[PDB]
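Here the structure comes first, spelled out in structure tokens, and everything after it is commentary.
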Amino acid sequence: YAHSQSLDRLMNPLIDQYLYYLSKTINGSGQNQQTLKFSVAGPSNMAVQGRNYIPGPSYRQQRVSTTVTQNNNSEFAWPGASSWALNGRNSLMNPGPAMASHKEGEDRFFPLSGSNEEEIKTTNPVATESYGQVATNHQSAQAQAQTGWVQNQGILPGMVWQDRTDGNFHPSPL
Amino acid sequence: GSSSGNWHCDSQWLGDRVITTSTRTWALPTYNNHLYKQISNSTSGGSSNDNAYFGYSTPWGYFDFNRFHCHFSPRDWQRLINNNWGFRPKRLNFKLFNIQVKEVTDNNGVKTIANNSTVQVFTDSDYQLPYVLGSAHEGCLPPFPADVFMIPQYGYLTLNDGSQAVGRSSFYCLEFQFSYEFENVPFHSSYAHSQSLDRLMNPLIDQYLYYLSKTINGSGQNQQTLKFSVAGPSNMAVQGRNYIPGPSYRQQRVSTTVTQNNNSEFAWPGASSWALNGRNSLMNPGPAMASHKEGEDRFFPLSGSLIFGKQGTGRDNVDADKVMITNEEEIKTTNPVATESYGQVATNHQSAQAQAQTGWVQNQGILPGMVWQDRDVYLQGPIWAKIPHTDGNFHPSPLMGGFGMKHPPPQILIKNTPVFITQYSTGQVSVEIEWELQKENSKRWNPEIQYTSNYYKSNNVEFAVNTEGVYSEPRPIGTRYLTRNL
Amino acid sequence: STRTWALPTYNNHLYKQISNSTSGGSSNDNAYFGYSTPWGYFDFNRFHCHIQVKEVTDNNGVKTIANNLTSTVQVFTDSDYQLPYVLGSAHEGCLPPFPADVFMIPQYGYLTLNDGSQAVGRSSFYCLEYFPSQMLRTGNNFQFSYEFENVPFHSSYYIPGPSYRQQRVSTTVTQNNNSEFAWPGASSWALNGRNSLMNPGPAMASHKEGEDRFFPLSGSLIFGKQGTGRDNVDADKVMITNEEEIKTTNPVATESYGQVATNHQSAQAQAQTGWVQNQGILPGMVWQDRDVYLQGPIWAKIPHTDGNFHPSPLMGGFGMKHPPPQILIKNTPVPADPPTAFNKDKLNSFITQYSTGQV
Amino acid sequence: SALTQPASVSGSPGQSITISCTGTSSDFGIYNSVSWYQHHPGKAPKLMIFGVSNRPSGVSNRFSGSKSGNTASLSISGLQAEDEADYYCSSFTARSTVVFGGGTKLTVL
Amino acid sequence: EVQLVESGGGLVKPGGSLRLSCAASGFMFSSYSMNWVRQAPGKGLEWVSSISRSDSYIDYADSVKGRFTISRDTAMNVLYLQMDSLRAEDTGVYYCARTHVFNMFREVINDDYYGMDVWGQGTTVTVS
């Protein structure tokens, strides 16, 4: 089957949550304007609502366009590809964890070694996109708030996902 | 003309089990004037692609008791968290009675209310509808039994592209007592580990394992050496440990003293997020992680803590003192801090010409041997949420707290049968839940910490009404007071 | 197996607080708060591992040992797991490897919550005297049985398992950099603002195939040879184990897990990649756990929590939620002569005494 | 007054520092009260230590204290540039007044 | 977030009178002792007066005794220091602090003193 909802839209569109988020960290343009203002997470702004579950793990792929002109004019077939090295022997990552091949609307891009899978895009991150962002540093009056990209993310508690010795995790094969 | 039920509110404490009945009075308007109506962001203007949604709005209302305080009075909660190491629901009994259907007529310019019909109510026990009870929405039974409440509307989001729909979207046309049996779920832990993960060692005795103490003799050239030492009580950071702290995904550190914060709008740009299908979605609350280092308690993770509003709090751009910020201080022992890195890792191979270089770990997934505590539940916070139906999940317990279930209590839908004629209904709702408890057997000598209401002198009584009849809850209440060994 | 044991009298029959402030205070990573008890414990937790009472009197200048028949020895098991459980930290004081050896029974003490050397309000103080125990004179005996809970067979014989990269040290000192990278270089996991070394860490191969002179800085169980000094011993004085057996299904502890593309190629940008230093569990990973050795610990207790993943411990052995209980023992204090007038103070003068026997 | 405390102390980053104030008669530290305050110029003073050595929720572990005989001392470890402030010691007195020392300005180099 | 904000500091010729108010927010103002301290220019902190939990016990530093009156309205949490017959030594920065007790339910009549818990940024009173 294929889901009729997406992992982030499980909410009721018609009601506010009783939870709050931090909407505004400064009054306005100026100097020494710091402030804290909180808002109700609700149907107006859904992106900021608190959620009980988060999408599955991701190990990024290179994005190859089926229109050859879009692709860079160089030999990125082997150097570009994401792989796992074992015993000093580099082994290409194929097919890789189950991940959506492309965002909604882009049919000409496929992950290099990741082959489309679009049906699982609801709960599964896109193969050619970052999993998210993460704060790199603390903030203070001197330093700005920074965020780094997440190229790979392993299992965390609460993740759900769709599929395509001493121990193993979710043995279902790739 | 003859009553269809009685009024049951009370709590029986029998041995290891708790039976909490609650009854309220409800009022059900007529939503959508008996229609189903497509809604989307474009009706609301749909400025951002992160907030773009599509879905329908249905006339039906739903009963939502999903928050703890619905079933517990603050005393029963104090009695619960102080004397127990765990709890979990067993049975669910539900009754609906004293139905009253009013019709409103406008005669001349004044309105008249007189009796009239039937009421449609059913439960979905096959889980064929979208499940909206898990998002921590409003419309739940009032904490205080003398409040009469309004029933929330029922609507469901489906697959979208921007505002537009897609061929895989679905349309659901939804076209008294029952009992329920909770499926077996783990006892929610309501204790704080006395010991930290790193201190599990015996302080009096050395390990027999060795570590590398010195890589050089002294300052100079060609001083390389390898020296080893015994890992023991003198230096505890270096000992070999069987278990390591749980996963982390770092949060930005916001300070409640505003002059320490950076003078820029980093509320959305700075925040941690997880992109899905091209829609950046804030990470909230995120994995269970402590809020702050000891002494840093003024700091709180940006998106990483449940925030509850005080009684009467406005909807938009309220100040900081209008909101109650919870903090997972209790779980600091086994979990990394939400504002700090999980550690360091080596970034290269040392050699004669190259120094050994390490770098931070901002996010860390599960590794074998990790242990962690889940996020706490509160008097206000949710009870359950439905585990999404998928090929896989890991540690399904929800991130906002409570009991994750593959078959939660079903949705209970209600509407007024159409006749149109302006009409509304009212009645009584009694919901009974059986709870099971886990007693503390601890032999700890010194006295536990307990949740106490400070003997205070003030104008009003906490967890009680003020002079205008407005019930109010002063602070968020955690479940973790008693202690247990790690 | 059977050994002959000797039990001293610890702390002169006192419970004593111990914080690093007694040890000088060290630094924040090393700060600890806890208590030390007069009770000793039996620890047979290591593989190679598989009543009499005396009093001491100094008469003139010489000491004289003489049987005390009426003395008692208190011993109990904690089968409810209500004490801190220290048998899983691989401490010394186990039964000796060689049956003709007589050993000293270690002292039992426990660490609790602490900020620096000070104790928070969540701290616990366990009085072992508050446990019912069996009191044994020279003719009485003590015995009990135990049943191990079901645990998977230890193994002696898709994508590779997770990795958290370790720094690479070489046994040829010329190869190693001329700087002190022992602490700065090492991989660590920080908890509550205390940086703690990653040891041994996840189970990972020690080195690439063909290079046996490189060992991960904090990734292996390093054992000392017979009669090895306590501090700053040389390299040849310690036995470094290597995990190379698991190189088939596990990444190398000194190497990156692999690569991941860091950007979107196009006519304006070349395809970029980056190194993966650490990788959490993914679906489809298979891995071997760490081996056990003749000197290695047999079991360890799974810390009681809401969650865990693959609980089998990182130093090897069998992780168990109900391991074998701790067996605590002490010499029942027999005071010296009390005064002839009541003094409410507790008696601080005890007969010097110790006891011995068999296991 | 009534509590003698040195005019100023200084130290390089990383070095421990012992600030100590002394008092007279009995009332010094009557009940358990010897309390150390951190006053940054122009901002609210903070209660670093309450009691002889107990330290409140907000305070960092670096700060510590003890009282030996007639002398109580605040010991700062892991010194930083953010620890530069004025430091006062106080003790409740027998007439239910509090008494502040003159205070030591700690200048970190 | 517990905050106490001082107000009413200003410039008054000697012999005049100034009233200082402390607006308490975020906590129960009637459950705590409250007291005023004073920092003269170029000097360390000094204590002025105090007022108990139930207002039974009012205390005064020896120097200002009889010239100041401390009292709290309590209808709306606020604190008041009436400064009368000011001198040249009354120049300073006045702070509003609250003695901190973890448990307000006493178990014993003589309780060890724990010191002030929450402070204001203080207002400047100047005499000429």
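To be explicit about the labels: the chains of the structure tokens are called A, B, and onward in the order shown, and within each one the residues are counted from 1, while ligands get numbers from 1 in the order they are shown.
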
Considering only C-alpha atoms, tabulate each residue of chain B that lies at most 6 Å from chain A along with its nearest interatomic pair and the corresponding distance in Å to one decimal; arrange the rows by chain and ascending residue number and present them as a Markdown table.
```
| residue | atom | partner | partner_atom | distance |
| --- | --- | --- | --- | --- |
| B:50 | CA | A:47 | CA | 5.8 |
| B:51 | CA | A:46 | CA | 5.2 |
| B:132 | CA | A:12 | CA | 5.3 |
| B:135 | CA | A:11 | CA | 5.5 |
| B:136 | CA | A:17 | CA | 5.7 |
| B:137 | CA | A:17 | CA | 4.1 |
| B:138 | CA | A:17 | CA | 5.6 |
| B:155 | CA | A:12 | CA | 5.7 |
| B:156 | CA | A:12 | CA | 5.4 |
| B:158 | CA | A:5 | CA | 4.8 |
| B:159 | CA | A:5 | CA | 5.1 |
| B:169 | CA | A:4 | CA | 5.6 |
| B:250 | CA | A:134 | CA | 6.0 |
| B:251 | CA | A:135 | CA | 5.8 |
| B:252 | CA | A:135 | CA | 5.4 |
| B:253 | CA | A:138 | CA | 5.8 |
| B:258 | CA | A:34 | CA | 5.7 |
| B:260 | CA | A:140 | CA | 5.6 |
| B:261 | CA | A:140 | CA | 5.0 |
| B:262 | CA | A:141 | CA | 4.2 |
| B:263 | CA | A:34 | CA | 5.5 |
| B:265 | CA | A:25 | CA | 5.5 |
| B:267 | CA | A:25 | CA | 5.8 |
| B:270 | CA | A:145 | CA | 5.4 |
| B:272 | CA | A:134 | CA | 4.9 |
| B:273 | CA | A:132 | CA | 5.3 |
| B:274 | CA | A:132 | CA | 4.1 |
| B:275 | CA | A:132 | CA | 5.0 |
| B:276 | CA | A:125 | CA | 5.3 |
| B:277 | CA | A:103 | CA | 5.1 |
| B:281 | CA | A:47 | CA | 4.9 |
| B:282 | CA | A:48 | CA | 5.2 |
| B:284 | CA | A:50 | CA | 4.6 |
| B:285 | CA | A:50 | CA | 6.0 |
| B:307 | CA | A:20 | CA | 5.3 |
| B:308 | CA | A:19 | CA | 5.4 |
| B:315 | CA | A:40 | CA | 5.6 |
| B:316 | CA | A:39 | CA | 4.5 |
| B:317 | CA | A:37 | CA | 4.9 |
| B:318 | CA | A:38 | CA | 5.2 |
| B:319 | CA | A:37 | CA | 4.8 |
| B:320 | CA | A:36 | CA | 5.9 |
| B:365 | CA | A:154 | CA | 4.4 |
| B:366 | CA | A:155 | CA | 5.4 |
| B:391 | CA | A:162 | CA | 5.3 |
| B:392 | CA | A:161 | CA | 5.6 |
| B:393 | CA | A:160 | CA | 4.3 |
| B:394 | CA | A:157 | CA | 5.5 |
| B:395 | CA | A:157 | CA | 5.2 |
| B:396 | CA | A:158 | CA | 5.2 |
| B:398 | CA | A:52 | CA | 4.7 |
| B:399 | CA | A:52 | CA | 4.6 |
| B:400 | CA | A:52 | CA | 5.6 |
```

key: residue 164 in chain C environment, 10 Å, only C-alpha atoms, sequence neighbours closer than 6 positions dropped, as a list in words   =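 Near residue 164 in chain C, the qualifying residues are residues 344, 345, 346, 361, 364 and 367 of chain B; 187, 188, 198, 201, 202, 203, 204, 219, 251, 252, 253, 254, 255, 256, 257, 276, 277, 278, 279 and 280 of chain C.
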
What are the nearest atom pairs, with distances in Å to one decimal, for all residues of chain B that come at most 12 Å from chain D, using only C-alpha atoms, set out by chain and rising residue number as a Markdown table?
```
| residue | atom | partner | partner_atom | distance |
| --- | --- | --- | --- | --- |
| B:259 | CA | D:43 | CA | 11.5 |
| B:292 | CA | D:58 | CA | 11.4 |
| B:293 | CA | D:60 | CA | 9.6 |
| B:294 | CA | D:60 | CA | 7.3 |
| B:295 | CA | D:58 | CA | 4.7 |
| B:296 | CA | D:58 | CA | 6.9 |
| B:297 | CA | D:58 | CA | 6.7 |
| B:298 | CA | D:58 | CA | 7.7 |
| B:299 | CA | D:58 | CA | 10.7 |
| B:329 | CA | D:57 | CA | 11.8 |
```

File of the preceding selection, C-alpha atoms, as a PDB file, in the first residue's frame:
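The file below, result_17.pdb, is the result:
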```pdb
ATOM      1  CA  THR B 259      20.404  40.217  27.503  1.00  0.00           C
ATOM      2  CA  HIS B 292      20.440  22.138  30.703  1.00  0.00           C
ATOM      3  CA  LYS B 293      23.702  21.480  32.472  1.00  0.00           C
ATOM      4  CA  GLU B 294      23.675  21.952  36.218  1.00  0.00           C
ATOM      5  CA  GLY B 295      23.767  25.655  36.989  1.00  0.00           C
ATOM      6  CA  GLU B 296      22.726  26.566  33.438  1.00  0.00           C
ATOM      7  CA  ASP B 297      19.082  26.045  34.368  1.00  0.00           C
ATOM      8  CA  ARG B 298      18.305  29.540  33.090  1.00  0.00           C
ATOM      9  CA  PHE B 299      18.993  28.267  29.556  1.00  0.00           C
ATOM     10  CA  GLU B 329      16.154  18.015  34.529  1.00  0.00           C
TER      11      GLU B 329
END
```

key: Residue list (helix (DSSP H, G or I), DSSP) for range 106-331 of chain B, as an NGL selection string   = :B and (197-199 or 258-260 or 329-331)

request  = Just list the residues in range 50-193 of chain C DSSP gives strand (DSSP E or B) on the backbone, as a VMD selection string.
outcome  = chain C and resid 52 to 59 62 to 67 73 to 78 91 102 to 104 107 to 112 115 118 134 to 136 159 to 160 163 to 164 168 to 170 188 to 191

message = Can you pull out the residues contacting range 481-483 of chain B? Cut-off 12 Å, using only C-alpha atoms, and skip same-chain residues under 4 positions away; I want them as a ChimeraX atom specification.
response = /B:78-86,189-195,329-331,333,376,439-452,477 /C:82,112-113,121-125,304

request  = Could you list, as a ChimeraX atom specification, the residues of chain C having an atom within 8 Å of chain A when counting only C-alpha atoms?
outcome  = /C:154-155,158-160,208-209,247-252,256-273,279-289,310

Include N, CA and C atoms and write out the residues we just selected as a CSV table (one decimal), in the first residue's frame.
```
chain,number,residue,atom,x,y,z
C,154,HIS,N,26.9,-16.5,23.5
C,154,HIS,CA,28.1,-15.8,23.0
C,154,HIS,C,28.7,-16.5,21.8
C,155,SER,N,29.1,-15.7,20.9
C,155,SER,CA,29.5,-16.2,19.6
C,155,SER,C,31.0,-16.3,19.5
C,158,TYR,N,22.6,-6.0,2.8
C,158,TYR,CA,23.0,-5.5,4.1
C,158,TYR,C,24.2,-4.7,4.1
C,159,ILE,N,24.5,-4.0,5.3
C,159,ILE,CA,25.6,-3.1,5.4
C,159,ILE,C,26.3,-3.3,6.7
C,160,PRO,N,27.5,-2.9,6.8
C,160,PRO,CA,28.3,-3.1,8.1
C,160,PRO,C,27.8,-2.3,9.3
C,208,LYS,N,43.1,-2.2,9.9
C,208,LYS,CA,42.9,-2.7,8.6
C,208,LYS,C,43.7,-4.0,8.4
C,209,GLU,N,43.3,-4.8,7.4
C,209,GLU,CA,44.0,-6.1,7.2
C,209,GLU,C,45.4,-5.8,6.7
C,247,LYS,N,36.6,-8.0,11.8
C,247,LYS,CA,36.8,-7.1,10.6
C,247,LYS,C,35.9,-7.5,9.5
C,248,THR,N,35.3,-8.7,9.4
C,248,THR,CA,34.5,-9.0,8.3
C,248,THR,C,33.2,-8.2,8.4
C,249,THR,N,32.4,-8.3,9.5
C,249,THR,CA,31.1,-7.6,9.5
C,249,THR,C,31.2,-6.2,10.2
C,250,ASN,N,32.4,-5.8,10.7
C,250,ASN,CA,32.4,-4.5,11.4
C,250,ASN,C,33.4,-3.5,10.8
C,251,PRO,N,33.1,-2.2,10.9
C,251,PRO,CA,34.0,-1.3,10.4
C,251,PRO,C,35.3,-1.2,11.2
C,252,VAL,N,36.3,-0.6,10.6
C,252,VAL,CA,37.6,-0.5,11.3
C,252,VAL,C,37.5,0.7,12.3
C,256,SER,N,36.9,5.7,8.7
C,256,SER,CA,35.6,6.3,8.6
C,256,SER,C,34.6,5.2,8.0
C,257,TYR,N,33.3,5.4,8.4
C,257,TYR,CA,32.3,4.4,7.9
C,257,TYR,C,32.2,4.4,6.4
C,258,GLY,N,32.5,5.6,5.8
C,258,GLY,CA,32.2,5.7,4.4
C,258,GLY,C,32.1,7.2,4.0
C,259,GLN,N,31.4,7.4,2.9
C,259,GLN,CA,31.2,8.7,2.3
C,259,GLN,C,29.7,9.1,2.1
C,260,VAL,N,29.4,10.4,2.1
C,260,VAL,CA,28.1,10.9,1.8
C,260,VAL,C,28.3,12.1,0.9
C,261,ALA,N,27.5,12.3,-0.1
C,261,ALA,CA,27.6,13.4,-1.0
C,261,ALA,C,27.1,14.7,-0.2
C,262,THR,N,27.8,15.8,-0.3
C,262,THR,CA,27.4,16.9,0.5
C,262,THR,C,26.7,18.0,-0.3
C,263,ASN,N,26.5,17.9,-1.6
C,263,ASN,CA,25.9,19.0,-2.4
C,263,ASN,C,25.2,18.4,-3.6
C,264,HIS,N,24.5,19.3,-4.3
C,264,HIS,CA,23.8,19.0,-5.6
C,264,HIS,C,24.7,19.3,-6.7
C,265,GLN,N,25.2,18.3,-7.5
C,265,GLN,CA,26.0,18.6,-8.7
C,265,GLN,C,25.1,19.4,-9.7
C,266,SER,N,25.7,20.1,-10.6
C,266,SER,CA,25.1,20.7,-11.7
C,266,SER,C,26.2,21.2,-12.6
C,267,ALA,N,25.8,21.9,-13.7
C,267,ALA,CA,26.8,22.4,-14.6
C,267,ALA,C,27.7,23.5,-13.9
C,268,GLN,N,27.2,24.0,-12.8
C,268,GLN,CA,27.9,25.0,-12.1
C,268,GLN,C,28.7,24.5,-10.9
C,269,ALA,N,28.6,23.3,-10.6
C,269,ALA,CA,29.2,22.7,-9.3
C,269,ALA,C,29.6,21.3,-9.5
C,270,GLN,N,30.8,21.0,-9.1
C,270,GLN,CA,31.3,19.6,-9.1
C,270,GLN,C,30.7,18.8,-8.0
C,271,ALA,N,30.5,17.5,-8.2
C,271,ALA,CA,30.0,16.7,-7.2
C,271,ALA,C,30.9,16.6,-6.0
C,272,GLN,N,30.5,16.9,-4.8
C,272,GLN,CA,31.3,16.9,-3.6
C,272,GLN,C,30.8,15.7,-2.7
C,273,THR,N,31.8,15.2,-1.9
C,273,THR,CA,31.5,14.1,-1.0
C,273,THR,C,32.2,14.5,0.3
C,279,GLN,N,28.4,6.8,12.6
C,279,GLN,CA,27.2,6.4,12.0
C,279,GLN,C,26.4,5.7,13.0
C,280,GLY,N,25.1,6.1,13.3
C,280,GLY,CA,24.2,5.4,14.1
C,280,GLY,C,23.7,4.1,13.5
C,281,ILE,N,22.9,3.4,14.2
C,281,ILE,CA,22.2,2.2,13.6
C,281,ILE,C,21.4,2.6,12.4
C,282,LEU,N,21.5,1.8,11.3
C,282,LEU,CA,20.6,1.9,10.2
C,282,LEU,C,19.8,0.6,10.0
C,283,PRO,N,18.7,0.6,9.4
C,283,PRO,CA,18.1,-0.7,9.0
C,283,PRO,C,19.0,-1.5,8.1
C,284,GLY,N,19.1,-2.8,8.4
C,284,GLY,CA,19.9,-3.7,7.6
C,284,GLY,C,21.4,-3.8,8.0
C,285,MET,N,21.8,-3.2,9.1
C,285,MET,CA,23.1,-3.4,9.6
C,285,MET,C,23.2,-4.7,10.4
C,286,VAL,N,24.3,-5.4,10.2
C,286,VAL,CA,24.6,-6.6,10.9
C,286,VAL,C,26.0,-6.4,11.5
C,287,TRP,N,26.2,-6.9,12.7
C,287,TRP,CA,27.5,-6.7,13.4
C,287,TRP,C,27.7,-7.9,14.4
C,288,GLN,N,29.0,-8.1,14.7
C,288,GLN,CA,29.5,-9.0,15.7
C,288,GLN,C,29.7,-8.2,17.0
C,289,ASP,N,29.4,-8.8,18.1
C,289,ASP,CA,29.7,-8.1,19.4
C,289,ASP,C,31.2,-8.4,19.8
C,310,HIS,N,20.2,-3.3,22.1
C,310,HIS,CA,21.2,-4.4,22.1
C,310,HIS,C,22.0,-4.3,23.3
```

Enumerate, in order of chain and increasing residue number, the residues of chain B with an atom no farther than 9 Å from chain E, each with its shortest atom pair and distance in Å to one decimal, counting only C-alpha atoms, as a tab-separated table.
```
residue	atom	partner	partner_atom	distance
B:256	CA	E:1	CA	7.7
B:257	CA	E:1	CA	8.8
B:298	CA	E:1	CA	8.8
B:320	CA	E:1	CA	8.3
B:321	CA	E:1	CA	6.8
B:454	CA	E:104	CA	6.1
B:455	CA	E:105	CA	5.3
B:456	CA	E:31	CA	5.2
B:457	CA	E:31	CA	5.0
B:458	CA	E:30	CA	5.8
B:459	CA	E:30	CA	8.5
```

request  = Within 10 Å of residue 117 in chain E, counting only C-alpha atoms, which residues show up once you throw out same-chain ones fewer than 6 positions away? Write them as a list in words, please.
outcome  = residues 45, 46, 47, 48, 50 and 56 of chain D; 34, 97, 98, 99, 100 and 101 of chain E

Serialized selection, N, CA and C atoms, as a PDB file, in the first residue's frame:
```
ATOM      1  N   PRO D  45      22.928  41.675  42.454  1.00  0.00           N
ATOM      2  CA  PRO D  45      23.859  40.810  43.177  1.00  0.00           C
ATOM      3  C   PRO D  45      23.275  39.409  43.264  1.00  0.00           C
ATOM      4  N   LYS D  46      24.122  38.394  43.249  1.00  0.00           N
ATOM      5  CA  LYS D  46      23.652  37.022  43.275  1.00  0.00           C
ATOM      6  C   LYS D  46      24.152  36.311  44.512  1.00  0.00           C
ATOM      7  N   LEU D  47      23.341  35.413  45.053  1.00  0.00           N
ATOM      8  CA  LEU D  47      23.714  34.691  46.257  1.00  0.00           C
ATOM      9  C   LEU D  47      24.508  33.460  45.883  1.00  0.00           C
ATOM     10  N   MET D  48      25.829  33.576  45.863  1.00  0.00           N
ATOM     11  CA  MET D  48      26.658  32.441  45.494  1.00  0.00           C
ATOM     12  C   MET D  48      26.583  31.264  46.452  1.00  0.00           C
ATOM     13  N   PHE D  50      24.790  29.837  50.236  1.00  0.00           N
ATOM     14  CA  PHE D  50      23.872  30.046  51.337  1.00  0.00           C
ATOM     15  C   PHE D  50      24.252  28.981  52.326  1.00  0.00           C
ATOM     16  N   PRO D  56      23.138  27.234  46.107  1.00  0.00           N
ATOM     17  CA  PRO D  56      21.833  27.220  45.430  1.00  0.00           C
ATOM     18  C   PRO D  56      21.799  26.654  44.015  1.00  0.00           C
TER      19      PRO D  56
ATOM     20  N   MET E  34      10.941  40.336  53.045  1.00  0.00           N
ATOM     21  CA  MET E  34      11.431  41.272  52.050  1.00  0.00           C
ATOM     22  C   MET E  34      12.205  42.338  52.786  1.00  0.00           C
ATOM     23  N   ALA E  97      15.498  42.952  48.158  1.00  0.00           N
ATOM     24  CA  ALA E  97      15.779  41.520  48.139  1.00  0.00           C
ATOM     25  C   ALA E  97      14.790  40.705  48.944  1.00  0.00           C
ATOM     26  N   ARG E  98      14.693  39.413  48.681  1.00  0.00           N
ATOM     27  CA  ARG E  98      13.782  38.591  49.459  1.00  0.00           C
ATOM     28  C   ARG E  98      14.537  37.424  50.045  1.00  0.00           C
ATOM     29  N   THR E  99      14.508  37.270  51.363  1.00  0.00           N
ATOM     30  CA  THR E  99      15.225  36.176  51.994  1.00  0.00           C
ATOM     31  C   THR E  99      14.635  34.892  51.473  1.00  0.00           C
ATOM     32  N   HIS E 100      15.482  33.931  51.131  1.00  0.00           N
ATOM     33  CA  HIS E 100      14.976  32.710  50.539  1.00  0.00           C
ATOM     34  C   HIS E 100      14.930  31.523  51.464  1.00  0.00           C
ATOM     35  N   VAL E 101      13.743  30.941  51.578  1.00  0.00           N
ATOM     36  CA  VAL E 101      13.530  29.761  52.386  1.00  0.00           C
ATOM     37  C   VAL E 101      12.972  28.709  51.457  1.00  0.00           C
TER      38      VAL E 101
END
```

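The space between CA of residue 291 in chain B and CA of residue 304 in chain B spans 7.9 Å.
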
ask   = Using only C-alpha atoms, which chain C residues lie at most 10 Å away from chain D, written as a ChimeraX atom specification?
value = /C:27-28,115-120

message = Could you list, as JSON, numbers by chain, every residue within 6 Å of residue 40 in chain E, counting only C-alpha atoms and ignoring same-chain residues fewer than 3 positions away?
response = {"E": [43, 91, 92]}

Could you save those same residues with C-alpha atoms as a tab-separated table (two decimals), in the first residue's frame?
```
chain	number	residue	atom	x	y	z
E	43	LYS	CA	31.39	51.27	49.05
E	91	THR	CA	23.10	58.61	48.87
E	92	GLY	CA	23.43	55.22	47.25
```

inquiry  = Just checking: using only C-alpha atoms, which residue out of B:269, B:388, B:478, B:245 ends up closest to chain C?
reply    =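 Of B:269, B:388, B:478, B:245, the one nearest chain C is B:245, counting only C-alpha atoms.
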
ask   = So which residues touch residue 94 in chain E within 6 Å, counting only C-alpha atoms, skipping near sequence neighbours fewer than 2 positions away, as a PyMOL selection string?
value = chain E and resi 37-38+122-123

Quick check: residues of chain E within 6 Å of chain D, only C-alpha atoms, returned as a CSV table (one decimal) with C-alpha atoms, in the first residue's frame.
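What ended up in iface10.csv:
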```csv
chain,number,residue,atom,x,y,z
E,44,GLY,CA,30.2,47.8,49.7
E,112,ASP,CA,19.2,28.6,60.3
E,113,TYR,CA,19.4,31.7,58.2
E,114,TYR,CA,19.8,31.2,54.4
E,119,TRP,CA,17.3,41.0,44.0
E,120,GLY,CA,16.4,44.0,42.0
E,121,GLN,CA,18.7,46.1,39.8
```

inquiry  = When you look at residue 12 in chain D with a cut-off of 9 Å (counting only C-alpha atoms), what residues show up, excluding the ones that are within fewer than 2 positions of it in the same chain? I need them as number ranges by chain.
reply    = D: 10, 14-16, 79-80, 107-109
